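First the structure, in the form of structure tokens, and then the observations on it.
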Amino acid sequence: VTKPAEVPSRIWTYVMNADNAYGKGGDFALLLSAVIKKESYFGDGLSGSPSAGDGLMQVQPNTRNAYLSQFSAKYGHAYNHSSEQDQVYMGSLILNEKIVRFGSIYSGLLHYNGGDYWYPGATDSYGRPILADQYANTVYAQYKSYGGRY
Ligand SMILES: CC(=O)N[C@@H]1[C@@H](O)[C@H](O[C@@H]2O[C@H](CO)[C@@H](O)[C@H](O)[C@H]2NC(C)=O)[C@@H](CO)O[C@H]1O
Ligand SMILES: CC(=O)N[C@@H]1[C@@H](O)[C@H](O[C@@H]2O[C@H](CO)[C@@H](O)[C@H](O)[C@H]2NC(C)=O)[C@@H](CO)O[C@H]1O
Numbered sequence: 071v072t073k074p075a076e077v078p079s080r081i082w083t084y085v086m087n088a089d090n091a092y093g094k095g096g097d098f099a100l101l102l103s104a105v106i107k108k109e110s111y112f113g114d115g116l117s118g119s120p121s122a123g124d125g126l127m128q129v130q131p132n133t134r135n136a137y138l139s140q141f142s143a144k145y146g147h148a149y150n151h152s153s154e155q156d157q158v159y160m161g162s163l164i165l166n167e168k169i170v171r172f173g174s175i176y177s178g179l180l181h182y183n184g185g186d187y188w189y190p191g192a193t194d195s196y197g198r199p200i201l202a203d204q205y206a207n208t209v210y211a212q213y214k215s216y217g218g219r220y
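Heads up: the sequence shown is residues 71 to 220, going by mature numbering (1 follows the signal peptide of the UniProt record, and there is no 0).
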């Protein structure tokens, strides 16, 4: 498992630390890279969007709020939204939780993006349509393009 050429150095460190926290041997870091690419384009695709303030993994305010105590338990410090490493840790925690609970990567991605109760036509906290199925397909492909085994 090596860094994909297109993934910026700073991002790779973030996702690799997150991977170490879950004991995933570099593979989760590949999945998180794909997630971050889609969500924020490594931080270059944030401006212009109403969800810009939501950071690298685009975790929505009410979702961040829901997982605050769990984040602190997992990582030993309070979630700091100004920290990019924390943004990645928070996104990783939520994504891991969906994958473990729903039983697969594809489904974890789908429900990461749409919530547990996503249906076609459902909108986000900004009123934008959530295309959770398409999100999952393209992010799963990218994870595989990066060399993801599972
Ligand atoms: C066609 C395509 O891949 N377009 C990308 C946009 O989807 C993308 O926006 C992000 O999309 C996610 C759903 O796929 C949203 O959860 C997320 O909020 C949204 N990010 C922002 C900042 O609005 C943009 C930005 O990364 O990149 C396009 O390539
Ligand atoms: C990564 C991210 O932030 N995804 C968002 C989903 O969490 C989110 O779903 C809603 O999350 C709330 C807090 O966890 C829940 O109270 C609520 O049940 C849940 N809604 C559904 C339909 O599952 C969605 C929609 O708000 O936005 C995503 O971007």
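Don't be surprised by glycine CBs; every beta carbon is placed ideally from N, CA and C.
{"Query": "Three-way DSSP call (helix, strand, coil) for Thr208 in this model", "Result": "helix"}
{"Query": "Option in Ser152, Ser117, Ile164, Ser121 with minimal Cα separation from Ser139", "Result": "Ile164"}
{"Query": "Own chain partners of residue 221 with C-beta closer than 8 angstroms, once the 5 adjacent residues on each side are dropped", "Result": "Nothing can be reported for residue 221, as the shown portion of the chain is limited to 71 through 220."}
{"Query": "Reduced DSSP secondary structure (H/G/I, E/B, other) of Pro78", "Result": "coil"}
{"Query": "Distance cut-off 7 angstroms: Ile81 Cβ against heavy atoms of ligand 2", "Result": "no"}
{"Query": "Nearest-angstrom Cα separation, counted from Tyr196 out to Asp97", "Result": "32 angstroms"}
{"Query": "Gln128: CB within 7 angstroms of a non-hydrogen atom of ligand 1", "Result": "yes"}
{"Query": "Within the segment 89 to 165, ranges of the alpha helix (DSSP H) (whole runs, at least 4 residues)", "Result": "97 to 110, 131 to 136, 138 to 145"}
{"Query": "Collapsed DSSP secondary structure at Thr193 in the structure displayed", "Result": "strand"}
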